[PDB]
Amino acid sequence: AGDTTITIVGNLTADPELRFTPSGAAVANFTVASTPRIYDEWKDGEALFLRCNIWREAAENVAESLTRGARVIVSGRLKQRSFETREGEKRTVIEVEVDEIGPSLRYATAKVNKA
């Protein structure tokens, strides 16, 4: 189905965690901190931390290509979930299923190596 996609630019809060599923598929998890502009001065504002995940090869590349602090351009779709019941109440979580990710060449360089 897909729908509702977003593009976010920010830095990894920590190194990408690459763990393997029993089926052989790799999963790369990382949260992206997107910290805004400035003015007059210059003031960092708001900030948005989004939990991301990517699989297969893309996941492995990511794991051995990015580290904590890396500024990246992320594209993917937004996924939400909700909780409940009469003894406590309503909780909401959200994540991004990354379609593509790359380190930003805004404040850095990098020598790419296709396979």
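All residue numbers are counted from 1 along the displayed sequence.
According to the entry, the deposited sequence has 4 to 9 residues without coordinates between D40 and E41.
A summary of the deposited B-factors shows that, of 41 to 49 and 82 to 90, the stretch with the larger mean C-alpha value is 82 to 90. Taking the mean C-alpha B-factor of each stretch as recorded, 14 to 22 and 100 to 108 are not equal, and the higher mean is that of 14 to 22.
In the deposited entry, the Cα temperature factor of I8 sits in the middle third of values across the chain's modelled residues. Ranked by Cα temperature factor within the chain, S75 sits in the middle third according to the deposited record.
When the modelled residues of the chain are ordered by C-alpha B-factor, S65 sits in the lowest third. Annotation for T31: C-alpha temperature factor in the lowest third relative to the rest of the modelled chain, per the entry.
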